[PDB]
Amino acid sequence: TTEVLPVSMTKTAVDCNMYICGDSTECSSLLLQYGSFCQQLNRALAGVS
Amino acid sequence: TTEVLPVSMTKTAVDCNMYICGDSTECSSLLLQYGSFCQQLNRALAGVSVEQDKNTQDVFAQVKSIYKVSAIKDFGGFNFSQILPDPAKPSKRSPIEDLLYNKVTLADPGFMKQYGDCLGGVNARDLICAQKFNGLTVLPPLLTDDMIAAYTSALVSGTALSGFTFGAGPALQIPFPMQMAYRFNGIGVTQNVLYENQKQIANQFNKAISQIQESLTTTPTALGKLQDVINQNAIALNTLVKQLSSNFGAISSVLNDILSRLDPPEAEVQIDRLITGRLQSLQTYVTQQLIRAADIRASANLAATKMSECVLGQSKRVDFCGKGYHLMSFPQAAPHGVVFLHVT
Amino acid sequence: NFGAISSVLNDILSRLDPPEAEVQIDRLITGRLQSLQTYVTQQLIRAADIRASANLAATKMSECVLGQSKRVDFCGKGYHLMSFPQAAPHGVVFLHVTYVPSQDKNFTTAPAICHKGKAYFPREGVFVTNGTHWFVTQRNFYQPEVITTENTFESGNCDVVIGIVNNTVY
Amino acid sequence: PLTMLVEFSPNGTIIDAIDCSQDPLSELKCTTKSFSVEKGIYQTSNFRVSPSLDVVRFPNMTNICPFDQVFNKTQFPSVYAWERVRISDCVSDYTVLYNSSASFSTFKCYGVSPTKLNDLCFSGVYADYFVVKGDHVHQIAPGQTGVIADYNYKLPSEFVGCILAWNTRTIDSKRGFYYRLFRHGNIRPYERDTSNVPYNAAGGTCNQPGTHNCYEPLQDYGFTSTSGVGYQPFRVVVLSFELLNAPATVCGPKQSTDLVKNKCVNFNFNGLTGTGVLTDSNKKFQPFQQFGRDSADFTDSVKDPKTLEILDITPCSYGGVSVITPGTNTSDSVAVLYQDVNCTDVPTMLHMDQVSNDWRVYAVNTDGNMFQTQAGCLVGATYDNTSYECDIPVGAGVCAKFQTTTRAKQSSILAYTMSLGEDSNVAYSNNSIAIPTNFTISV
Ligand SMILES: *[C@@H]1O[C@H](CO)[C@@H](O[C@@H]2O[C@H](CO)[C@@H](O[C@@H]3O[C@H](CO)[C@@H](O)[C@H](O[C@H]4O[C@H](CO)[C@@H](O)[C@H](O)[C@@H]4O)[C@@H]3O)[C@H](O)[C@H]2NC(C)=O)[C@H](O)[C@H]1NC(C)=O
Ligand SMILES: *[C@@H]1O[C@H](CO)[C@@H](O[C@@H]2O[C@H](CO)[C@@H](O[C@@H]3O[C@H](CO)[C@@H](O)[C@H](O)[C@@H]3O)[C@H](O)[C@H]2NC(C)=O)[C@H](O)[C@H]1NC(C)=O
Ligand SMILES: *[C@@H]1O[C@H](CO)[C@@H](O[C@@H]2O[C@H](CO)[C@@H](O[C@@H]3O[C@H](CO)[C@@H](O)[C@H](O)[C@@H]3O)[C@H](O)[C@H]2NC(C)=O)[C@H](O)[C@H]1NC(C)=O
Ligand SMILES: *[C@@H]1O[C@H](CO)[C@@H](O[C@@H]2O[C@H](CO)[C@@H](O)[C@H](O)[C@H]2NC(C)=O)[C@H](O)[C@H]1NC(C)=O
Ligand SMILES: *[C@@H]1O[C@H](CO)[C@@H](O[C@@H]2O[C@H](CO)[C@@H](O)[C@H](O)[C@H]2NC(C)=O)[C@H](O)[C@H]1NC(C)=O
Ligand SMILES: *[C@@H]1O[C@H](CO)[C@@H](O[C@@H]2O[C@H](CO)[C@@H](O)[C@H](O)[C@H]2NC(C)=O)[C@H](O)[C@H]1NC(C)=O
Ligand SMILES: CCCCC/C=C/C/C=C/CCCCCCCC(=O)O
Ligand SMILES: *[C@@H]1O[C@H](CO)[C@@H](O)[C@H](O)[C@H]1NC(C)=O
Ligand SMILES: *[C@@H]1O[C@H](CO)[C@@H](O)[C@H](O)[C@H]1NC(C)=O
Ligand SMILES: *[C@@H]1O[C@H](CO)[C@@H](O)[C@H](O)[C@H]1NC(C)=O
Ligand SMILES: *[C@@H]1O[C@H](CO)[C@@H](O)[C@H](O)[C@H]1NC(C)=O
């Protein structure tokens, strides 16, 4: 008899600045005043990986 | 062989008004119009806090009898001195738990509870003080360390008196070498090989337990699943405080500087951009805590089942109570967790 | 309100014109989407906790009810005999039947019994005595049997071992 | 002024109401938002203490700012050659402008509300002044175009300050007012160009105006006594403001009060407003620093502008309070836990002299209803030296339960230490064994 079980998922990474603001100095300088919302969004995905 | 398993994490509590609006009647009045986000953010945190005590109760308190045995007794060649509480020395813990409690760097025991004061004695600026000034509190556990260490002394002295009969009914006394001959019969080996080489089994056993000490007192790691529990709580509670310093797109991050220069109609468009960011930060904090609690509960359940099948029984499952054929196991208390010593 | 002038979308579209109404509708859409998001993410987390208990119940129904288990505290407190399932709203209730010893009495014991120089150790059980009479019995129920050649294993000489006593090994 | 919890009927009549600042039970009801509470221990918000008086302190100066000199006295310049002056060390009581002949037609401000100008203190003020015509007044604003906003006077996009304009037909209807009309490129914000060189429309220079493709760069307004309303002269003043961590130089007309210390109050230091408790400080500031902020941007220190001493600000409710109840269907008695607080400094933490009479009962020892645990100080319960099984978890090995009382001077909620189980008297033996004789079938 056969039994199948998953063990792992594909691991991904995101760039906060590239996704949110593209390549733009004004958007980047405006994203610094929203805090650590994507410094903290990187550790989670790194731990999952 | 050793095995480390976490059982609980720190209990936290949040005051919504103090975190979002501080002491500002105006802001408070406005928060009322965003609804029950705050009587809903407190119930989740309260459930997480009440689960952490049941986690410990399901692992340590499953025998309601306190058995006592002197540690300097003979037992047929087995020492049992580095695992049972010292007799005279003040400590109510054992020689191994005392070493385990000196290898985890807990994060603050409570300023105003440790000769501390967030007034004048705030130092340059104690993290703890900034938390209390902003609505974040840490609650103490229900079971004390001296009182957790009492359950483990009654669980090791119950297997030096009765074997694993205390876990199916009343304790039935048996001589210790007669108990170790019953356990050799359980892995397929006849009873004579223990009676004929008792003095070398009582020396290999004695040397193995005397070498766990000097493999922990030198190596700093391998207690590395209990330290991360403390570190993740600390860096997640400190990230919430440092986020009240962001302007989220308004003229300032302080609310008493938007109300000292703008009038009731235009101040409300700027005090909505801050009430919206500070609600999102809190929501993120609690949704990450709810996920971490679910991972701690699986390990607590696994520790509870190992305390029943490896300590109050002999297991025939292969790699469940060590690497080899299982004979005995001993529990030892560790901060936020438990350490199992497996004999094989 | 979420900051807007009312919570009723049809009191904003009756008093305000296309340009300045979309500045007040957006502030309701944003909050009403956040509430749904919170509800869904708290429901997904609860589903995970229900799944673990359902898996435990499925394991316990195959092991505790369609078999007899030797793991100690899995089908009740004691030595497991049988289990019966019963249906309950959104759940299941197991009735576990267990064997619990009672009325213990103390006896004097010995590791081996010496006869004609050779040493006789028990195959499975303990040696007990009433007084100048030696038997072998099982540990879960007192049933003394007479010493003989299939419930006793012979191997060695009558020395070295400590506590050895001498008696007939019929 | 107080806050209450109100419960309505299904038809729409008021059937119940409670005051939240009266007693701990009412505080628990208001926090939970219900009139009936189940058994257990809860964490409550603050409805106890509210501020009563106000502390406002401003600098010592009294002399009024020079409104006459800059509005009725100076002769005003042209727009290309505009002038700037500095204002320092004066009180900005602008009501003295109502008795003058200015008659303002345009008064409009950015980064400031007109109704707060009397409660603000500024670190720096600049005043620019000049003359334009009637149709050019609307060009003096951030983000505009035209001839004046491009070649003469330009405001930065992030401007903070006010703009004033008024008609001066009877004093300025003469020749000699010019504006620049031709220029290569635009000027940058707060810049001046006073050159009077001939302009060549192809891109170079000249040596004499009036010939082909060479013009004078400045044009006269040509004010006369019979012009239309759009060709009249108008005087314009622009005031620019700075708000930083620096000594105040211009402040509004406010009256100062006395320093009240060690009480939950509302305060105003040089326009910095708040609520809390003010105490003495052992911190050190730099010579031109006015306040200090911590990692959460909470202002924790401030200096007095009169006595020059540094004081500290602490919130009015800093530690958590918890309330223990056995249920409103059973009794109305409650107990109070003050977390991480020693029983000797409870009165100075709750602000006894500022709470209701019923609340001071839970802050004094009286007949042994105040005792100390490792989680905090607990008031309203009697300690028992025997141990039971836990009912309501208080913490650190302490639990609580309900008791019906007889002896008076004795509370109705019992606190105790939790019991771990019953002791056993099984002793070790090296030659004896216990074997069961009967059994039991359990379900
Ligand atoms: C600060 O000072 C510097 C140095 O003086 C100054 O730089 C100069 O800026 C001007 C304006 O951009 C430049 O002038 C141009 O030069 C070309 C040369 O071919 C001319 O064609 C341009 O004139 C054109 O535009 C006119 C309309 O206004 C047309 O009528 C005409 O036919 C042309 O199309 C124009 O004169 C000049 O070359 C530089 N000089 C340098 C770089 O040395 C700078 O602008 C000053 N900044 C400010 C804000 O004052
Ligand atoms: C409204 O405008 C009028 C005119 O500018 C103001 O009248 C002026 O008021 C001041 C202050 O009282 C007078 O100063 C006084 O001068 C006399 C000598 O002339 C002196 O003896 C006093 O001690 C004082 O210094 C000033 O003379 C007077 N001028 C006129 C023309 O009346 C008026 O004060 C303004 N409004 C208010 C209510 O301030
Ligand atoms: C620098 O300073 C000198 C002296 O103040 C300024 O010179 C003055 O310039 C104006 C034109 O801007 C002259 O007005 C003109 O005078 C002539 C007759 O001389 C007349 O025909 C014109 O219609 C016009 O009225 C003024 O006479 C002249 N005065 C002197 C003493 O030179 C010069 O403009 C200044 N330069 C700048 C703008 O920095
Ligand atoms: C049981 O083990 C202890 C610890 O090894 C023995 O006692 C001494 O313990 C100290 C440390 O507490 C060591 O420095 C000594 O070397 C130990 N001495 C010996 C002879 O090992 C103890 O003697 C052992 N014996 C028992 C009580 O069974
Ligand atoms: C110990 O056990 C033996 C075996 O059961 C007992 O011996 C028998 O006792 C019965 C009752 O007195 C006699 O009828 C038998 O003839 C005995 N036979 C043997 C083999 O001895 C003995 O009495 C028991 N002793 C005690 C102290 O109870
Ligand atoms: C502001 O004015 C007050 C009142 O005149 C000044 O206070 C006096 O200061 C002197 C010198 O220190 C003391 O001898 C007096 O006793 C103070 N009087 C009172 C009533 O406090 C104060 O010094 C002035 N502040 C500044 C910055 O000049
Ligand atoms: C010459 C001294 C300048 C000092 C400026 C400092 C004060 C700050 C603000 C006040 C100036 C504006 C007054 C407006 C008066 C009302 C205008 C109107 O009638 O519509
Ligand atoms: C509380 O009392 C204890 C014991 O006297 C003392 O060590 C501690 O410093 C005190 N803390 C406070 C709050 O003053
Ligand atoms: C049992 O203990 C007694 C008393 O210490 C001793 O005399 C006897 O030799 C011991 N016997 C064994 C087998 O340990
Ligand atoms: C509303 O209900 C209340 C409580 O029953 C009652 O006293 C009152 O008369 C009712 N009024 C109406 C109009 O129904
Ligand atoms: C077991 O106990 C029951 C109840 O006392 C009694 O009726 C029965 O005879 C006993 N049987 C044995 C094996 O002693």
Side-chain angles (χ1 to χ4, degrees), chain B residues 69-91 93-99 156-157 160 169-170 176-177 180 198-217 330 341, chain C residues 78 99-105 137-144, chain D residues 80-82 145-157 180-206 209 211-219 428 430 434-442:
Chain B
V69 150
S70 168
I72 60 61
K73 180 181 288 274
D74 183 59
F75 291 131
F78 301 99
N79 203 339
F80 279 33
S81 72
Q82 319 293 141
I83 57 177
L84 264 167
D86 209 82
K89 273 184 243 140
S91 162
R93 297 200 205 111
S94 105
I96 281 183
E97 289 161 341
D98 268 4
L99 165 69
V156 179
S157 68
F176 193 77
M180 287 297 306
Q198 187 178 325
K199 339 196 69 65
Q200 93 162 25
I201 314 181
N203 288 352
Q204 237 162 348
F205 179 93
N206 280 193
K207 166 188 20 76
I209 316 201
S210 86
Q211 104 180 348
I212 307 275
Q213 323 230 33
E214 49 81 51
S215 166
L216 296 180
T217 191
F330 299 101
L341 304 182
Chain C
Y99 176 102
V100 201
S102 56
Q103 297 176 25
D104 38 15
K105 280 194 83 276
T137 187
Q138 36 168 1
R139 311 169 145 100
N140 275 324
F141 191 76
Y142 186 58
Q143 203 158 78
Chain D
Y80 73 114
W82 54 270
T145 39
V147 82
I148 303 274
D150 288 1
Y151 300 151
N152 286 272
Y153 185 75
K154 187 188 265 313
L155 273 191
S157 194
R180 187 180 297 283
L181 168 81
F182 299 111
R183 186 202 164 63
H184 294 303
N186 302 0
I187 82 170
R188 295 189 304 275
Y190 291 136
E191 277 198 359
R192 220 186 333 268
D193 196 328
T194 325
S195 147
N196 191 5
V197 157
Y199 171 82
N200 172 11
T205 68
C206 303
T211 86
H212 190 59
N213 273 11
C214 214
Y215 311 81
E216 318 251 38
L218 298 186
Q219 176 122 303
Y428 187 69
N430 69 330
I435 295 132
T437 283
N438 210 348
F439 51 77
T440 288
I441 301 266
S442 47

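Read the numbers this way: they start at 1 and go in the same order the structure lists the ligands and their atoms. Order of the sequence lines fixes the chain letters, A, B, ..., with proteins taken first and strands second; residue numbering starts at 1 for each chain.
- Contact annotation for atom 26 (C) of ligand 1: protein present (non-hydrogen atoms, distance under 4.0 Å).
- Taken from CZ in C/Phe141 to CD1 in D/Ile435, the straight-line distance is 12.0 Å, to the nearest 0.5 Å.
- Counting only heavy atoms, the protein gets under 4.0 Å from atom 11 (C) of ligand 1.
- Here the shortest heavy-atom pairing between B/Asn206 and B/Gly77 reads OD1-O, 3.2 Å.
- The distance from ligand 1 to the heavy atoms of D/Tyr199 drops below 4.0 Å at these ligand atoms: 28 (O), 30 (O).
- Taking a distance limit of 4.0 Å, we find that atom 28 (O) of ligand 4 is approached by some protein heavy atom.
- When atom types are taken as modelled, the side chain of C/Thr137 and the backbone of C/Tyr142 share no donor-acceptor pair closer than 3.5 angstrom.
- The option from D/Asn438, D/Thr437, D/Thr440 that lies nearest to atom 2 (O) of ligand 11, judged by heavy atoms, is D/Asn438.
- At the shortest separation from atom 47 (N) of ligand 1 among protein heavy atoms lies D/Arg188 NH1, 3.6 Å.
- For atom 15 (C) of ligand 1, the nearest protein heavy atom is 4.0 Å or more away.
- Closer than 4.0 Å to atom 20 (C) of ligand 4 lies none of the heavy atoms of the protein.
- Per-atom contact check: atom 11 (N) of ligand 11 touches the protein, criterion being a heavy-atom distance below 4.0 Å.
- Distance check on atom 30 (O) of ligand 1: some protein heavy atom falls below the 4.0 Å cut-off.
- Nearest protein neighbour of atom 21 (O) of ligand 1, counting heavy atoms only, is D/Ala202 O, 4.0 Å.
- Within ligand 4, the atoms closer than 4.0 Å to a non-hydrogen atom of B/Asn79 are 1 (C), 2 (O), 3 (C), 22 (C), 24 (C), 25 (N), 26 (C), 27 (C), 28 (O), numbered from 1 in the order shown.
- In this structure, the side chain of D/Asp193 does not engage the main chain of D/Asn152 through any donor-acceptor pair within 3.5 Å.
- Looking at heavy atoms from C-beta onward, B/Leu99 lies in side-chain contact with B/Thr217 at the 4.5 angstrom threshold.
- A side-chain donor-acceptor contact under 3.5 Å links D/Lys154 to the backbone of D/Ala149.
- Atom 5 (O) of ligand 11 has its closest protein heavy atom at C/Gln103 NE2, 4.6 Å.
- For atom 14 (O) of ligand 11, the nearest protein heavy atom is under 4.0 Å away.
- At a heavy-atom cutoff of 4.0 Å, ligand 1 is contacted by no atom of D/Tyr151, backbone or side chain.
- Remark: among candidates D/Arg183, D/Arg192, D/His184, the nearest residue to atom 48 (C) of ligand 1 is D/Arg183, based on non-hydrogen atoms.
- Protein heavy atoms are absent from the 4.0 Å sphere centred on atom 13 (C) of ligand 4.
- Residue D/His212 places its NE2 atom among 12 or fewer non-hydrogen atoms of other residues, nucleotides or ligands, all under 6.0 Å distant.
- Between D/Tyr199 and D/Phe182, the ring planes lie parallel to each other; the angle is under 30°, not in the 30° to 60° tilted range.
- Using a distance-only test at 3.5 Å, with no hydrogens or angles considered, a donor-acceptor pair links the side chain of D/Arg192 to the main chain of D/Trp82.
- At least one protein heavy atom sits closer than 4.0 Å to atom 36 (O) of ligand 1.
- The nearest heavy-atom contact from the protein to atom 17 (C) of ligand 1 is D/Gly203 O, 4.6 Å.
- Using a distance-only test at 3.5 Å, with no hydrogens or angles considered, no donor-acceptor pair links the side chain of B/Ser215 to the main chain of B/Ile212.
- By the definition of a contact as any protein heavy atom under 4.0 Å away, atom 43 (O) of ligand 1 is not in contact.
- Ring geometry for B/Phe205 against B/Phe78 counts as perpendicular: the plane angle is over 60°, on a 0 to 90° scale with 30° as the lower cut.
- Note that atom 40 (N) of ligand 1 has no protein non-hydrogen atoms nearby, at separations under 4.0 angstrom.
- No donor-acceptor distance shorter than 3.5 angstrom exists from the side chain of D/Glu191 to the backbone of D/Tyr153, with no hydrogens or angles considered.
- Under the 30°/60° scheme for interplanar angles, the aromatic rings of B/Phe80 and B/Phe75 are found to be tilted.
- In this structure, atom 16 (O) of ligand 4 has no protein heavy-atom contact shorter than 4.0 Å.
- Between D/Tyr428 and B/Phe176, the closest side-chain pair of non-hydrogen atoms falls below 4.5 Å.
- Below 3.5 Å of separation, one finds an N or O of D/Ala201 facing an N or O of ligand 1.
- Looking only at protein heavy atoms, the nearest one to atom 5 (O) of ligand 4 is B/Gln82 OE1, 4.5 Å.
- Using modelled atom types, no side-chain atom of D/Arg180 and backbone atom of D/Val147 make a donor-acceptor pair closer than 3.5 Å.
- Atom 25 (N) of ligand 4 lies below 4.0 Å from at least one non-hydrogen atom of the protein.
- Under 4.0 Å from ligand 1, the heavy atoms of D/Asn186 that appear belong solely to its backbone.
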